[PDB]
Amino acid sequence: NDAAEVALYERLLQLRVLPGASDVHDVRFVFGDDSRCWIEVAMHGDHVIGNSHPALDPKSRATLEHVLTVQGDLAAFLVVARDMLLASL
Amino acid sequence: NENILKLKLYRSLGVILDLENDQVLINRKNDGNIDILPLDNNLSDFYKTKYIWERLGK
């Protein structure tokens, strides 16, 4: 069922989309990994919405941001985000 | 509803999950063409997913 695929989607992607509710549209990417790590950002609009919760140093939020705007390959971003979330452990 | 947005994300990574046979389908953007991976307990299914996903990045 739709819930069954969604379970395999999150269970194996260790990535969940948590929209921020309040008054402005916001997307919070959450990585399911004990330390619980997440970054706030969206491909829609952009505002002071700047929150980062990795588990090592700001360099992650830095290289991760420069990576998406510099590579233009959203694949190298989620792919490097995974390898980066691991290095934090 | 937003289900299409989530599938659009994983689909953007070049992954095409399919429960029509408990298997994950895949597409290699660089060189290669299409690839398939069956779901199995194996030793570390989590590592297998990080394997195709690391290669999909290329």
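Residues numbered from 1 in each chain as written, not as in the entry; some residues may be left out. Chains lettered and ligands numbered in written order. Heavy atoms only, no water.

As documented in the archive entry, the model was determined using solution NMR.

J.: How should the nonpolar core be read in this particular structure?
T.: Buried together is how nonpolar side chains tend to be arranged in soluble globular proteins. One finds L13, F31 and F77 of chain A together with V15, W53 and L56 of chain B to be the most contacted residues of the largest nonpolar core, which totals 23 residues. For this core, the secondary structure elements donating two or more residues are α1 (2-13), β2 (26-31), β3 (37-40), α2 (59-71) and α3 (74-88) of chain A together with β2 (23-27) and α2 (45-56) of chain B. Per-element tally for this core: the top contributor is α3 of chain A, with 4 residues. Non-local contacts of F77 of chain A, meaning those with residues more than four positions away in its chain, are made with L64, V67 and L68 of chain A. (Core = buried A, V, L, I, M, F, W, Y, C linked by side-chain atoms within 4.5 Å. Buried < 20%, exposed > 50% of the residue type's maximum accessible area, 1.4 Å probe, protein only. Helix = DSSP H or I, 4+ residues; strand = E, 2+ residues; numbered from the N terminus. Contact = heavy atoms within 4.5 Å.)

J.: Explain the packing of α1 of chain A against α2 of chain B here, please?
T.: Two quantities define a packed helix pair, namely the angle between the helix axes and the distance between the axes. Two numbers describe how α1 of chain A lies on α2 of chain B: the axes approach to 10 Å, and their chain directions differ by 85°. As judged from the angle between their axes, α1 of chain A and α2 of chain B are roughly perpendicular. Here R11, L12 and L13 of chain A of α1 of chain A lie close against α2 of chain B, whose contacting residues are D45, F46, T49 and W53 of chain B. For the contact of α1 of chain A with α2 of chain B, a count of residues per class yields 4 nonpolar, 1 polar and 2 charged. (Axes fitted to C-alpha atoms, helices over the stretch in contact; angles between N-to-C directions. Parallel < 35°, antiparallel > 145°, perpendicular 65-115°, else oblique. Nonpolar A, V, L, I, M, F, W, Y, C, P; charged D, E, K, R; others polar.)

J.: Whenever I open this one, the packing of aromatic side chains confuses me. Can you help?
T.: Here the distance between the centres and the angle between the planes together describe a pair of aromatic rings. The full count for this structure, using the stated rule, is 1 aromatic pair over all chains. Seen in terms of ring centroids, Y9 of chain A and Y10 of chain B are 5.8 Å apart; in terms of plane orientation they differ by 70°. Their pairing is edge-to-face. Within this pair, whereas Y9 of chain A is found in helix α1, its partner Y10 of chain B is found in helix α1 (residues 3-12), the two belonging to separate chains. Of the two residues, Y9 of chain A and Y10 of chain B, both sit in the buried class. (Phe/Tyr/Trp six-rings, centres within 6.5 Å; stacked < 30°, edge-to-face > 60°.)

J.: When you look at the sheet that holds strand β4 (residues 52-53) of chain A in this model, what are you seeing that I'm missing?
T.: What links the strands of a sheet is backbone hydrogen bonding, and the strands pair in either a parallel or an antiparallel sense. Residues and elements named next belong to chain A. Sheet architecture is open: 4 strands sit in the order β1-β2-β3-β4, paired in antiparallel fashion. Here the strands that pair on one side only, and so sit at the sheet edges, are β1 (15-20) and β4. For β2 and β3, the ladder comprises 4 bridges, and the chain directions are antiparallel. By the bridge assignment, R28 is partnered in β3 with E40. (Pairing = 2+ DSSP bridges.)

J.: Looking at this structure, I do not really get the pairing of strand β1 (residues 15-18) of chain B. What am I missing?
T.: In regular strands, side chains alternate between the two faces of the sheet. Residue and element names in this part refer to chain B. In the sheet, β1 pairs with β2 via 4 bridges, with the strands oriented antiparallel. By the bridge assignment, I16 is partnered in β2 with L25. In this antiparallel pair of consecutive strands, β1 and β2, the connection spans 4 residues, and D22 shows a positive phi of 45°.

J.: I would appreciate a short explanation of the packing of α1 of chain A against α1 of chain B in the present structure.
T.: Running from N to C, α1 of chain A and α1 of chain B point in directions that differ by 40°, and their axes come no closer than 12 Å. Of the possible angle classes, the one that applies to α1 of chain A and α1 of chain B is oblique. Relative to α1 of chain B, α1 of chain A is oriented so that their crossing is left-handed. On α1 of chain B, the residues that touch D2, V6, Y9, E10 and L13 of chain A of α1 of chain A are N3, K6, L7 and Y10 of chain B. Here the residues of the contact of α1 of chain A with α1 of chain B sort into 5 nonpolar, 1 polar and 3 charged. (Left-handed = near helix turned anticlockwise from the far one by under 90°.)

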